[PDB]
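Step one of this worksheet: look at the structure below.
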Amino acid sequence: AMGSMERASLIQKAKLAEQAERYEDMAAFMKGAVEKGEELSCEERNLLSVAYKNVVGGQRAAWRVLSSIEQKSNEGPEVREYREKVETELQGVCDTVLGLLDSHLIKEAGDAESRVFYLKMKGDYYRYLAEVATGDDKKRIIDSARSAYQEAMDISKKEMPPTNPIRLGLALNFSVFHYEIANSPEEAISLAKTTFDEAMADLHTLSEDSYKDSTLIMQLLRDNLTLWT
Amino acid sequence: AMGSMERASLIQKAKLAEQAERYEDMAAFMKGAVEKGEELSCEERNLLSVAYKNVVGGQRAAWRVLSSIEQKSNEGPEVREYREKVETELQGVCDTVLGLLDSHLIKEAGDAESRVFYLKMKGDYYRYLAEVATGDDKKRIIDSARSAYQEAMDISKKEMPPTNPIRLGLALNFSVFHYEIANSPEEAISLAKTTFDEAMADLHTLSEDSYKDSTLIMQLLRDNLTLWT
Amino acid sequence: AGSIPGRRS
Amino acid sequence: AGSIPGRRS
Ligand SMILES: *Cc1ccc(S(=O)(=O)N2CCN(CC(C)C)CC2)cc1
Ligand SMILES: *Cc1ccc(S(=O)(=O)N2CCN(CC(C)C)CC2)cc1
Ligand SMILES: [Ca+2]
Ligand SMILES: [Ca+2]
């Protein structure tokens with residue numbers, strides 16, 4: 001649908017849409033930019049991720065409200081029907097993001113920073129699918145999230161310092177996966193603690209600005225550890 | 001598009017969409033309910049108004065962000081193009097609401113509470129069109145807002161007490177029209193002051209719950225008077 | 001200048 | 001449990 005707009009114009013409009021808090025538009029501009037077929041820069045990857053995180057974040061919040069109402073009513077068909085409508089929409093957005101990653105962002109990503117970023121996204125969007133999945137479907141979706149996060153972790157531990165913000169955010173989100181999806185709270189706690197401690201020990205190497213970036217995410221790891229222990 | 005869903009199911013889903021903060025869905029459910037052709041109850045009128053106020057409120061906020069960026073850049077075509085896209089979308093929503101009021105909510109509204117409510121809506125959505133209009137177009141749109149608000153005012157002063165919350169909100173919004181759209185700040189101030197004073201003098205007649213409802217809107221009139229004087 | 005918020009039923 | 005907020009560029 002964005003095929004007639006220049007790549008650079010899509011990127012410019014995605015930044016405008018962010019400023020206007022128009023995240024559906026932002027995501028559509030960044031989908032158009034990905035579909036131009038060129039690799040994404042660091043800033044462009046962040047625009048893609050921010051756009052879809054906001055879109056799916058609103059869907060997830062609405063799905064949770066509706067799921068809670070539906071569960072209370074099971075203690076007419078309308079609540080279930082509407083929860084199903086929101087759920088299908090959410091699944092469609094996750095499938096769209098996964099399809100961009102598969103066609104062809106991941107396979108073209110050779111540098112560790114890009115490949116880890118995209119594999120973390122792949123884990124995240126399978127995790128959002130897992131949040132709404134029920135049954136054996138849930139098993140295979142969970143394993144797809146796990147496999148994406150694990151490949152990202154393996155690359156990040158070989159190629160990035162322990163304070164790298166992508167490496168830290170990946171570990172944070174994989175720990176949430178373990179706690180909330182995989183029923184592995186001890187694995188979640190161990191990953192968050194090890195990640196925090198290894199980052200702490202590397203802070204001495206950082207500039208003031210990098211220190212701020214890394215310590216921000218470390219505080220999120222600590223916040224989860226405080227909630228989980 | 002909602003023609004196959006029962007009226008009562010549309011109403012139920014509009015309430016669920018409000019709880020989920022899904023205001024585009026809420027507006028589409030309430031449009032479907034209006035298009036069933038039956039008059040709306042008080043609660044249903046409020047659902048219709050809340051849904052569209054939230055939809056157009058987000059559009060207006062985005063249009064203002066983009067218009068500000070565009071004005072700074074005039075101190076490529078992308079900012080103007082995207083402001084135009086948001087503007088066209090906003091105009092489409094206002095035209096949809098105006099079309100529901102014209103086909104056929106206003107003509108079927110005989111009681112003062114319903115007729116004033118719908119005419120206040122008509123003034124509001126022409127006012128939102130006026131906010132983005134440029135030139136002679138702006139003149140005729142401004143007059144359409146004024147004419148709707150004036151008819152609502154005339155009915156409200158004959159048929160409702162000065163503390164009625166619809167009468168108060170109508171006067172508040174007409175005063176904003178005078179201040180922000182019609183370049184008549186003195187008319188805005190006089191209307192807000194007279195409305196506030198006549199409501200104050202009628203508060204003694206109200207129950208505790210009605211007192212709370214009326215004084216809330218009176219405080220909004222006072223807040224504007226404080227900003228304008 | 002604020003109009004009726006009108007965003008919550 | 002909070003994941004990366006990730007909502008602001
Ligand atoms: C998964 C991920 C995406 C992006 C980053 S980041 O660009 O380095 N950045 C880190 C800081 N963060 C602030 C919030 C409040 C956590 C925003 C994103 C890191 C990991
Ligand atoms: C234009 C209008 C619509 C609805 C009302 S109301 O149903 O009486 N109600 C009054 C209180 N208000 C609270 C906010 C914070 C002003 C919500 C709507 C009145 C006028
Ligand atoms: Ca080109
Ligand atoms: Ca019927």
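Given the condition charged (D, E, K, R) and within 14 Å of chain D (Cβ to nearest Cβ), answer yes or no: does some residue in region A:173-183 qualify? Checking region A:173-183: at least one residue is charged (D, E, K, R) and within 14 Å of chain D (Cβ to nearest Cβ). Filtering region A:162-175 to residues that are buried (at least 23 other Cβ atoms within 10 Å of the Cβ) and β-branched (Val, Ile, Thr) leaves only A:163. Taking first residues from region A:1-18 that are in a helix (DSSP H, G or I) and partners that are of a type in the set (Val, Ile, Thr), the Cβ contacts under 7 Å between residues at least 6 apart in sequence or on separate chains come to A:16/B:69; A:16/B:79; A:18/A:50. As for region B:73-90, it holds no residue that is surrounded by 15 or more Cβ atoms within 10 Å (Cβ to Cβ), in a helix (DSSP H, G or I), within 19 Å of the chain's Cα centre (by Cα) and more than 14 Å from chain A (Cβ to nearest Cβ). Among the residues of region B:1-53, the one identified as more than 14 Å from chain A (Cβ to nearest Cβ) and at positive phi is B:37.
Of all residues in region A:178-229, how many are in a helix (DSSP H, G or I) and more than 14 Å from ligand 1 (Cβ to nearest atom)? Please lay out each step first, then the result.
Taking region A:178-229 and keeping what is in a helix (DSSP H, G or I), we get A:178-181, A:185-200, A:203-205, A:208-228.
After this cut, where a residue has to be more than 14 Å from ligand 1 (Cβ to nearest atom) as well, the list is A:178-181, A:185-194, A:196-198, A:200, A:203-205, A:208, A:225-228.
Of the residues in region A:178-229, 26 are in a helix (DSSP H, G or I) and more than 14 Å from ligand 1 (Cβ to nearest atom).
Can we say residue A:39 is under 23 Å from residue B:19 (Cβ atoms) and not hydrophobic (A, V, I, L, M, F, W, C)? For residue A:39, the condition - under 23 Å from residue B:19 (Cβ atoms) and not hydrophobic (A, V, I, L, M, F, W, C) - is not met.
Filtered by the rule that a residue be surrounded by fewer than 19 Cβ atoms within 10 Å (Cβ to Cβ), in a helix (DSSP H, G or I) and polar (S, T, N, Q), region B:19-60 gives B:19, B:46.
When we count neighbours, we look across all protein chains shown, and the Cβ atoms used for this are built from the backbone with ideal geometry, even at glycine. Read-outs: derived from the displayed coordinates by stated rules, not from any lab.
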